[PDB]
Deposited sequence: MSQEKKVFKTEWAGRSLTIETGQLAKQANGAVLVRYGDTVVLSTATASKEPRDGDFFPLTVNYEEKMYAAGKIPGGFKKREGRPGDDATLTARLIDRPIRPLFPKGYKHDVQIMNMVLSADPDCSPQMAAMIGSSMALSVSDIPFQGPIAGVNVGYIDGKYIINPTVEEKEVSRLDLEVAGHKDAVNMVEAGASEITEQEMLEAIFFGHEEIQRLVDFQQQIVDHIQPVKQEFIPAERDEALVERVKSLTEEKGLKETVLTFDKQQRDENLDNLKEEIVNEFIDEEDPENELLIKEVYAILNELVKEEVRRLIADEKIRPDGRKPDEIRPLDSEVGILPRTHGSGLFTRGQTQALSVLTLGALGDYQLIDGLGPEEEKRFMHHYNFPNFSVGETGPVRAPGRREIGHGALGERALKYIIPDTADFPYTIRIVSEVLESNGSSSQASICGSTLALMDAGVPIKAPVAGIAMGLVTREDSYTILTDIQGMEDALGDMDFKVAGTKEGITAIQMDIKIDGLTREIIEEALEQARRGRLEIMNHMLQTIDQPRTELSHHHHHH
């Protein structure tokens, strides 16, 4: 029952095989892209899990014979464009595995696996709303190039990975040599045209295989029950509760507010909690679109209050503390004799007022560390005029916003503190989004609740001259070109404000 479908992808062949391998998986496909081979599978639990949480996991692993954080980064990469495309309220366990059986570094295993994963879900009976595809873009002598080779990347000014579906982009994640907003936005959409071909090719396959999807019947809310709950919510001043300034106190009051409504009033309880969460969600979203005020009283373009300090640790080579609202990071730098530069990120439970077991670095901590390292490596001096190794470790002492971005600001402080002759300071911020069908509002410097109840989390970092790194994921089907362009601009402003503050603290590398 083996079926082979073939095409071209940036000057080398792309083959997708199904029906032969891993047939107990809900769906499974083998991807040959040049000399790169990847087996991708998608499996779902039999019945759906309880509670309001969608367990979705993506793994990636490169076999020893195919030729250690990269695998974790890659798996996080593939999760991003796939996660938002499941019917709302679908809470089956879904696990997606990718095994790189053969790896030609000129033919991206990361991108092969991403398409592999899309295909495996698309042939499966799992109700995924793709296909999706992803692509790598470089930028050499003013020309964009798809899936550049190892040697072209040595020379590109951009290392971008874009992904999305038929009608829109889903995810971007990038590192760059300080390139303009418009250079980036063009790269994005050059990338998306190829994405569109790739999706096209996957749909023909789906049209040929004609898989039978499982039927997800989403329940329709009881108009009347909503109405009752929506009254007990209005009487107890939900609006004013939401507008509590302090993070922990806001969450405490909301919990309590819900904690009371539910006691009115088991399967009926599950509903009331769910109705409550949407009513909270709506209130927050309404306040922003209609009254232009966020739940800590800010306006869509205002950044949180900023504080910073340098040299706070006696014996360390460099040290920086950066505080933006209820998010705070301490970054520490060590120099060494003579991989050459790295940045780690640690997120303790106390940072969010929580108790729990202490572990080895998790997936998220590994992500943010590398994001930080990516944003910064472009401004680190040449080994030729500064022969030392540089390690930076960032500790998140408090968190409500973007620890990862705060750590980039922290680390820039530490680098200057330490007297590292860097190209230019770097700062970063995270952008948010509320869409109403009438229109959208872009939010600057978002807090946790805005990520959680918003539509995107779009992190941009770079210098005054331009962008050094991006990482973006979303919780709606797609982002239009004008929303991306606007976000980049408003993030350019945001970062500029932040570098301005940072230079009050230290205005150049120590001597």
Q: Go through the deposited sequence from residue 1 and tell me which stretches lack C-alpha coordinates, in order.
A: 1-3, 71-84, 283-290, 364-377, 551-559
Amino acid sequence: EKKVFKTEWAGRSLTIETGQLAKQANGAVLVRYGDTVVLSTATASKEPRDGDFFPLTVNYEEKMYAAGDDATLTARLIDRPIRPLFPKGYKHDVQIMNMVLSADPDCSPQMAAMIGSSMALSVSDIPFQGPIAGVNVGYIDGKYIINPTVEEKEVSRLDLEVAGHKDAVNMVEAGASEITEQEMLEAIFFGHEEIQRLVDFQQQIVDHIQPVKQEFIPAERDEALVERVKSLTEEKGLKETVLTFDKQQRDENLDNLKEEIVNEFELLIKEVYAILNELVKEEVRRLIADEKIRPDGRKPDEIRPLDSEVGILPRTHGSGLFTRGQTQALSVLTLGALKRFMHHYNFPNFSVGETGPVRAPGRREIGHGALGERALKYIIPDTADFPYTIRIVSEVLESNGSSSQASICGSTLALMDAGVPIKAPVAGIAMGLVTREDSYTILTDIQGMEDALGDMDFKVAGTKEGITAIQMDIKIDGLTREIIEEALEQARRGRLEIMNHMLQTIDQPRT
From here on, numbers count along this sequence of modelled residues.
**Q.** Mean temperature factor over C-alpha atoms, higher-scoring stretch between 385-393 and 186-194
**A.** 385-393
Q | Entry-level comparison of average CA B-factors, 52-60 and 454-462, reporting the higher stretch | A | 52-60
Q: Kindly indicate the residue among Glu309, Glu398, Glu181, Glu220 with the greatest C-alpha B-factor in the PDB record.
A: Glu220
Q | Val199, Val150, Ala174, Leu101, ranked by C-alpha B-factor: the highest one | A | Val150
**Q.** Ranked C-alpha temperature factor of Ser45 among modelled chain residues, by third
**A.** highest
Q: Looking at the entry's B-factor column for C-alpha atoms only, identify whether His344 ranks in the lowest, middle or highest third of its chain.
A: middle
Q: Relative to the other modelled residues of the same chain, rank the CA B-factor of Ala67 and answer lowest, middle or highest third.
A: highest
**Q.** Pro421 - Cα temperature factor, lowest/middle/highest third of chain
**A.** middle
Q. Taking the C-alpha B-factors as the PDB entry records them, is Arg285 in the lowest, middle or highest third of its chain?
A. middle
